[PDB]
Amino acid sequence: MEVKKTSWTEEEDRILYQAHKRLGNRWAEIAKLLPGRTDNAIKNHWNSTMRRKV
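Numbered according to PDB author numbering, the sequence shown terminates at residue 193, and the numbering increases by one at each position without gaps.
Pasting the structure below:
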């Protein structure tokens, strides 16, 4: 394994947002929709990418 550049994608980002607001912040139940996305990466993503200052 040597992916390294494990960048996200439109679908994942959208699903993450649509899920997060519905579940609230139950990352365990949100990742149920995205098993290929671990909590660490999800939150890291939710903290780094989504916080682009809307």
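A virtual CB, placed ideally from N, CA and C, is assigned to each residue, including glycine.
| request: Since I believe residue 169 is in contact with residue 184 (beta carbons under 8 Å), could you give me their beta-carbon distance rounded to a whole number of angstroms? | output: As a position in the sequence shown, residue 184 is number 45, starting the count at 1. As a position in the sequence shown, residue 169 is number 30, starting the count at 1. Actually they do not touch by this definition, with Cβ atoms about 12 Å apart.
| query | For residue 141, does the three-state DSSP call read helix, strand or coil? | reply | Along the sequence shown, read from residue 1 onward, the residue named residue 141 stands at position 2. Coil at residue 141, not helix or strand.
| said: For residue 166 and residue 181, which I take to be in contact (beta-carbon distance under 8 Å), what is that distance rounded to the nearest angstrom? | reply: Position 27 of the sequence shown, counted from the first residue, corresponds to residue 166. Position 42 of the sequence shown, counted from the first residue, corresponds to residue 181. Residue 166 to residue 181, Cβ: 6 Å. Contact.
| Skipping 5 residues on each side, what residues in its chain have a beta carbon closer than 6 Å to that of residue 162? | Within the sequence shown, the letter at position 23 stands for residue 162. So the qualifying residues of the chain are 168 and 169.
| message | Quick check on DSSP: helix, strand or coil for residue 185? | response | The count along the sequence shown starts at 1 and reaches residue 185 at position 46. Reduced to three states, the DSSP call for residue 185 is helix.
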